[PDB]
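Comments concern the structure below.
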Amino acid sequence: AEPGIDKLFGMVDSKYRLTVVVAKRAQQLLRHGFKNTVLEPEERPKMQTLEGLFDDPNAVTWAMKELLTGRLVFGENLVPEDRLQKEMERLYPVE
Amino acid sequence: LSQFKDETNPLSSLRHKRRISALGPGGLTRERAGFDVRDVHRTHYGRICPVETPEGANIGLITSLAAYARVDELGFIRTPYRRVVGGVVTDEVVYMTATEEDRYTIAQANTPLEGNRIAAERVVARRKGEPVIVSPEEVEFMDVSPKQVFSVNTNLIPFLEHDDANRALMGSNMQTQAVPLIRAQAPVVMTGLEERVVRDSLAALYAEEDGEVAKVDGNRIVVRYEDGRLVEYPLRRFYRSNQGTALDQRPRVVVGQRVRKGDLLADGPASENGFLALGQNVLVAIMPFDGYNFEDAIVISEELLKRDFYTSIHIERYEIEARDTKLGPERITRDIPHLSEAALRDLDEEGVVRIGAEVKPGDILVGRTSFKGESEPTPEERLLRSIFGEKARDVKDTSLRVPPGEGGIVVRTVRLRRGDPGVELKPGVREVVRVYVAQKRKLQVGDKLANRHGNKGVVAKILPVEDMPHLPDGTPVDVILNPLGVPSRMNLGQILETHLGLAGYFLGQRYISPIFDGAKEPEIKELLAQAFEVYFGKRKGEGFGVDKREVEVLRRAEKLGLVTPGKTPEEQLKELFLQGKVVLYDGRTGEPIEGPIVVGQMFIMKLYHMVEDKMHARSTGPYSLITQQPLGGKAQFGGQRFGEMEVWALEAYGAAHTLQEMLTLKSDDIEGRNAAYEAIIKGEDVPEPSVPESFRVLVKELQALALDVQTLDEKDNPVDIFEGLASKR
Amino acid sequence: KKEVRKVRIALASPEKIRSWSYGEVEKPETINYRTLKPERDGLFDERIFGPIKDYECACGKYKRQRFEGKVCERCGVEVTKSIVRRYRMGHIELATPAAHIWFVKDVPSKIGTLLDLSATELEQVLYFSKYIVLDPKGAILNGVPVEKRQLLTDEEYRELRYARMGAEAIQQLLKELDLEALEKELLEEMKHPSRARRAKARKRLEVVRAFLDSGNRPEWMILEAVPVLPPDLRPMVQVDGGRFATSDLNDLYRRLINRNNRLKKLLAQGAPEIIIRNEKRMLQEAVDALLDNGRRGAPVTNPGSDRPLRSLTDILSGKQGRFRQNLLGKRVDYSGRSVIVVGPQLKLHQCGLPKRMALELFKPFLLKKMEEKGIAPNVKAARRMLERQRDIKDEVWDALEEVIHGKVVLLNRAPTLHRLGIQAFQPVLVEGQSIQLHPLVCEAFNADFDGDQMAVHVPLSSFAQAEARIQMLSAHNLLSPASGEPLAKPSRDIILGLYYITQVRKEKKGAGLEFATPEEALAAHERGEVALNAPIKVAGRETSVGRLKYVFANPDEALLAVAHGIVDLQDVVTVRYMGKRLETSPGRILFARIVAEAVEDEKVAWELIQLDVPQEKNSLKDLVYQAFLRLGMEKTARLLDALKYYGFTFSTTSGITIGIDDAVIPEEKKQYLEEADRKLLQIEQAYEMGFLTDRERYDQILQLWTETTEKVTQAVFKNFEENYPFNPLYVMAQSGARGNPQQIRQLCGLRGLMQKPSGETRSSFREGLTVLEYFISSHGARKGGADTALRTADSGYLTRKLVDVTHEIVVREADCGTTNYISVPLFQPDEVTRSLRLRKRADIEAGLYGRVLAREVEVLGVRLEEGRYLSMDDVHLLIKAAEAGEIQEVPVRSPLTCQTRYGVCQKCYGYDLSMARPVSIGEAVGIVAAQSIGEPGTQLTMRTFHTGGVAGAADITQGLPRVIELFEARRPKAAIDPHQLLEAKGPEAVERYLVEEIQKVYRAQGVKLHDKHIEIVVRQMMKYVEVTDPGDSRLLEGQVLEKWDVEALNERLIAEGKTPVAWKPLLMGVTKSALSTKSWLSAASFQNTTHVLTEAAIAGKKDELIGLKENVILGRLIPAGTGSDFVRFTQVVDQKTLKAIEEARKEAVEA
DNA sequence: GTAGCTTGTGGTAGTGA
RNA sequence: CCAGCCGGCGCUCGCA
DNA sequence: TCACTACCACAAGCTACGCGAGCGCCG
Ligand SMILES: [Zn+2]
Ligand SMILES: [Zn+2]
């Protein structure tokens, strides 16, 4: 099945919440350019006709691996609603 | 009441020809009242087959009749019963009305007899739908034959006596769905009617009176009867059944041949030798494989496809018309207005496709050209034309293309022009074109097959003969059945067939087991014993005895209790062979399969591949005018129904947006589906759902009804669904 | 762009008609043949409804998108698509009023009830007949002063002149009515007089308040202007050759124009009363025609098909009405379907899919991918390239193979009974037709491989793609939402193979079997095995010779001999493991090792791995359960895939195949069939002399064949147990694999003795089942297919109601703080006389598993904190302890008592989400419970009574019927009447009866589901209550309980003035509970769709959109799932954007 | 047809202005 | 970018 | 007393009836 599905499970107080997270995350990864990541160096997502997953295969599959790490943070209301879409297009280039 | 002829196979046509119905003028019977009617009533004896009815919502009401059952003067299905005065039976019979039937004491045919004398004092008989054991003295009438109580359809199952009535219907119904195989072989085991069937049905062609053979063309056969007469009998070459099936008559007689009155001439569509034949008798192994014959999953031998064993010729009659639009009659010409000469090859004849050509899904079968706009030209399409080549033929492409799925070879074509010789040309219709194309739908993995008993299954894998199970003697099986689907279902009738078929292979012969009076267990062991001489006797003289493998299993078999320990392996095997099971090597590993596995020549059949077989996959396409829900039909497949049963399922899960997606962007949402397409094409993320139409149209329905339906916001105030088409002026 | 939180059904004001209406239809000129264009201002003129062409208009001044919202200065035409037309309504100015039949003919005539006249016949009498009335004042006589509101005929009215009538008569009435005035009038009439006249006034009073309260006043009940449905809606198409199809509404919409127009001319031509009315009859009648047909006779399209032209009602209500259409939703764009075929190699994570299908499916995703590569320049180009199957390059298959990536899809089976009826997998493209499904799910969607057809879709949105591979992916949906029991249980195929390998064999013991002590018994009895005397599996307790001869060190050791053909896996050997000298079969250990292989934690493996006994369906059930628990979801997955392959390959080589001789007949039957046939005569010769009678001779014969059949059932299985432990037909039945229990022998009795057609009740299938013996059983197999037929109908239907009511039920919470708990009983009183007993293992498990303690409890020695979630291990603890005698009941949190008005807390519910850990907030439990309930309900197994005498076997089975009579307050055929029960023992009692009294069934069918689900439902049946001591509104009234927890909570606490809201708890059937719900969005869905709105219009009902049904129909995101306000808002962040906003902070320091 | 939910009204003992 | 396929009748399947 | 009905019972009225699929034809 999917990597440490259990690991991830316990990380949340409610299942359906978990879903919301990843989603809005892979949505970010695309939108503001796909270089909006936090764990690309050594180990990173991969495909096989060549090893090009490094660019843009499945977003959500990425958010998974990231979330499987303690990099990101999730809260009911962490950052002011509209002030977030302004600061996310300012530092991530990809287009 | 009147319907299309289920001409799957002459037999199918023949039953579809004998079944009774309930529903009708309406004055007789309605649809929501039938617990007491649908019941298989006691008088339904020899008059109605209590197995023939269709499983489903319309059951018991629709049902074909019994063997000899026949209507007299006024719709009273009488059934024959031989007369008997005292303890003496007669070669005389009487079709009794249901009424007059209860009046007497009738007995079965199983009843022992010396020709005209009864043989047992306490013998069975049935008063008025009541089982009663009476004396030979009060006996007044007997059943003619066990076959009389079932349909022809039902009367075709071998060991019907060992099968459950319920799975018997499945066996009976599945027979109407058989398909004419290039190579048709009558069942290794028959009841004795397959001849009659083809005879009484007009499948094969018979000889009128005694005579001799003259001409044997592939199209016509001329004969010279003994009365100095001679006739030229044309043969239906290749015709399109109403079901789109092949209809040919294959001569089987040589030139100049003294024939007997009523002897098979040319084999009907599905007659082997004037015998009803549908499907073929195949060597079969009743054992479980990995999972390829899971619950009703099945496994086939690549060996069967090599020898075009199960191949069905299927004919679809696609059709297209040249409508007369007031915008300009749609013309028919090999002119396909916009792109290649590559797709205009096979379309040899001006507009027409050349016969004997290979057609794949997407190719144009017929070219058609109507006119672009509704009445006016186009401003955006106007400037584009001028750029490359302003001079482009204004006629549009509305050409009949090969509907996705599969196409075959065009065999026949028909075209009706202006000067109608004598045809009912519908109004506006300028001219028509029918194209008959067939394809050796080679039994592929998607197809399904079944034996006359009821076992139904879809081919799970096509194993190379190379590694699939093989007998001690090189000969490999054809098919492998999953035993599991047998204990649950109740039909030992098929187990007896595989066994009996077993003897017939090394015994090279066919048999005829009447319905209840057919063969018996002991008798079968007899032949097996004898067949064991063919298998092993030959193997013994051939220079060798037994394999180290045949013994390993023999060890396990003795431990099993299948064989009485202490016997010479030669003897042991025979005893095990008589059990209906023999030793089989893995073929993949060559290691025998610990434990004898019964096998045999089981006569099985292929089943109808409706255009429901040839899969339906739709991305985008048509929608309904009123309901803006997607649909298909001709070219565009047509969407699948979600039903609430399914809604709920998603409701069970937390698939919120997944459910959102369905109700919207995927079905009813107009600007959602539209913009959605535009979105994915971009590799972007779908906008947020707009109002579905089934909804908007709904309010108005409500509004059409005095009822006023108004949308509300957080604080009870208006909101607007109709994006802006409800406001006046 | 906001969200609609409330829907509202309200009556329409004439002006509002004018409001939705665009122009007035005044003539029946559809379209003139010569020109396929709308005849005149007719029903299809585009002015009145919409642009006959895309963005284009009539003559052609403006023609594109650039000016989408402007109209042409010459002929007025703003344009979007033609939707506008299918959107816009019309209105017909009626000459003389008429009224909606819906309110007139509704059982409680909403019009005759309100206005006190013969609620029923009088209506009919003057509405469609001749009777006039007087408006404000009319000073002159007839015999009695002016009838302020009474009615007079045109004859004693004509005399006068030298007033209005028909529907024009009641028009006046409604207007002159001062609701208030009469409100004061009935309030008095209600409480003072006795129940006779006070009763009528009472029901009569709901309608009134309805109007006033809501405001929307009643004067609109009559019609004088008819809203026209847009055009596109009711079809007007070209069938073939010249044929045209048009929605029947048009046949009636024309029937109506003619008369109205015919009337405007009639009234303007000459007025001969007789014919004036003759037509008002036809008018008012045509009126009813389009609104409702059938309620009163039925209009037909001229000779061709006596079919009632489908009316508005028929369009809205029904099994395929409009609501039916919407509530269930009908056709996707990205869908597909084909035949199914097994995928052994297939891992649960994936599924096999024919490329060719895929091709059409991910068409768009592919297209884009095309241009991305060098395969195609532009979109149009890429499409043309695919327009044909011979145009495809092998490279295309790569691109597609590429776009799918890990992207996943959903699979739906035929009957979608539960959530598992559909799941997400990782499609692995394949050649051919059929579709490869994984086998163990075959049990999930009840599906075998005999022609099974299912469906499939695609999570387009990355948002929708998310959930799918996440929460819908099958691999994450192992347990059953019905029972914490797994649903990936090995099937008949794998299990069969798995049992083969682990079974131990026992053979012959002719000589000594007590090596237990002698060493000469070790030598001598060892040479006796070498000989022929002692077998390898003799019944010696210390160790049969099988153990002595062979001993294995390392695990491998032992398996090396098997293949070498020295030992078979089913042999009793001796081998040493990591720490013990164990005496076991090769198969039992092999199973052990494999266990340890899938998952590396070798030690945690054997912890639950009791390799004492041959692996049966339950032992595996208990292990899978374990695995998922102990080790974790995804890891427990890599497992399933393993067992599968092996129980598969193990099955192949096992060499098991059914043989005719395999169905072995006991030699026993001849004796017992003789010893029983002899007693039949003792009872038949009983008949000759009257010791018995008629009734008693029939019952004793029933018991003879009821006890003798159970006797032959033990024998066949006992023979297989002692003589043929390895029979393909035997071993098949014993393993979870395949078989039947009552059924085989029961089946034999059935063929031998099947009951007669009515119900009043020698051969086998191995031996010739006689002619008549086969026709007799036909009656039953015949009734069985019919019974089950109606059973599926009632099941989905029942469930349809389950949803109609529990849809809205979801987990939106903070532990419902109301700690009113239910006590779960452990002992049952009466099974015989008065006695106390320990309830069944299962049932109890079903009542306490994965729940929430209401308070702490010290039992046998451990401390069970308050609020802890008890696992099965804990649930077992209690058993052993009650066995002790320290506990009798169980304080547990439950929805029946959860506070949360609409919804329940995470604490009131429990454990089992598809997972085992506590249920995550935002779970559509209302549904999950509905399915896990409605899926079992269909099969509807056997019901009957079976009673024995001396051996004394009595069997007890009942049908859905009861289940129905249960969910619906009813008066059972013979049973405990709930209405009385409640009255006697009250709520917490009925609550308890219901639930338990409903469980008895499934328990009796082998089905095993948790009590949670049922609770959910029943609480919903008790969400309403009546009144007795008023406060805001008058007493007798049925309404929402929690809603009363609201008004009462505020009538004492906040606002002083203790006005005790004496209420009366009210019981409602599942049906009636849905029917009458706050929201009507849900009610309009089922029942007539008539009354529903009828009532909700009067009262401008503001349907607060909470719940799925109502919110689904809207196509609005579900108030739950991802729409749960709890989670619908949640932001994600990268540590880099954190310090960033932190710097938007640090820069805030001005100067 | 089949069961069954609800309303509505007429048929058979009360009881007070 | 325009059409036949509305609905329906009748018929078969999968889930016993 | 006079009289009006009051209140039980039984007939009489509308709504369900699983999910999906295909094939020929009908206006
Ligand atoms: Zn204009
Ligand atoms: Zn609670």
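Chains as they are written, first to last, in the authors' numbering: chain E, 2 to 96; chain C, 391 to 1119; chain D, 2 to 163, 454 to 1052, 1058 to 1270, 1329 to 1505. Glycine included, each C-beta is placed from N, C-alpha and C at the ideal position.
Partners in chain C for residue i, counting only beta-carbon separations shorter than 8 Å
i: E:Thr20; result: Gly1044
Counterpart residues of residue i in DSSP-defined beta bridges
i: C:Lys830; result: C:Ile703
i: C:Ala497; result: C:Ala515 and C:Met532
i: C:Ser878; result: C:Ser878 pairs with nothing; no bridge assigned.
i: C:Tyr629; result: C:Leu637
i: C:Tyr901; result: C:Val579
i: D:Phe843; result: D:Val866
i: C:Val474; result: C:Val479
i: C:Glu602; result: C:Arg614
Within chain E, the residues that residue i reaches when beta carbons sit closer than 8 Å
i: C:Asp1075; result: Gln28, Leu31 and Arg32
Partners in chain D for residue i, counting only beta-carbon separations shorter than 9 Å
i: C:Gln565; result: Going along chain D, no residue has its Cβ under 9 Å from C:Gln565, so there is no contact; the nearest lies around 15 Å.
Contacts of residue i in chain D (Cβ-Cβ under 8 Å)
i: E:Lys25; result: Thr1484, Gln1485 and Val1486
Where residue i meets chain D, residues with beta-carbon distance less than 7 Å
i: E:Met89; result: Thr1491
Where residue i meets chain C, residues with beta-carbon distance less than 9 Å
i: E:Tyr17; result: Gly1044 and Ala1046
Interface residues of chain C facing residue i [CB-CB closer than 7 Å]
i: D:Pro590; result: Those do not exist, as D:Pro590 stays about 17 Å from chain C at its closest Cβ, beyond 7 Å.
In chain order, what residues of the region 760-793 of chain D put their CB closer than 9 Å to some CB of chain E? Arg760, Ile761, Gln762, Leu764, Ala766 and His767
Contact set, ligand 1 heavy atom to C-beta under 7 Å: D:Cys58, D:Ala59, D:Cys60, D:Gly61, D:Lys62, D:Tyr63, D:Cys73, D:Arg75, D:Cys76 and D:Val78
Residues within the region 886-900 of chain D neighbouring chain E, beta-carbon criterion of under 8 Å: none
Which parts of the region 608-664 of chain D are runs of the beta strand (DSSP E), unbroken and 3 residues or longer, counting only runs that do not cross its ends? 626-633 and 641-645
Quick one: which residues of the region 943-959 of chain D get their C-beta closer than 8 Å to a C-beta of chain E? List them in chain order. none
Any residues in the region 782-816 of chain C with a beta carbon nearer than 7 Å to a beta carbon of chain D? Which ones, in chain order? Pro794 and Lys816
If contact means a Cβ-Cβ distance below 8 Å, which residues of the region 741-756 of chain D contact chain E? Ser753, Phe754 and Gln756
Contact set between the region 657-686 of chain C and chain D, restricted to residues whose Cβ is under 7 Å from the partner: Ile676, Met677, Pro678, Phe679, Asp680, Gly681, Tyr682, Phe684, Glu685 and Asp686
At which residue ranges does the region 755-787 of chain C contain complete alpha helix (DSSP H) runs of 4 or more residues, listed in the order of the chain? 769-779
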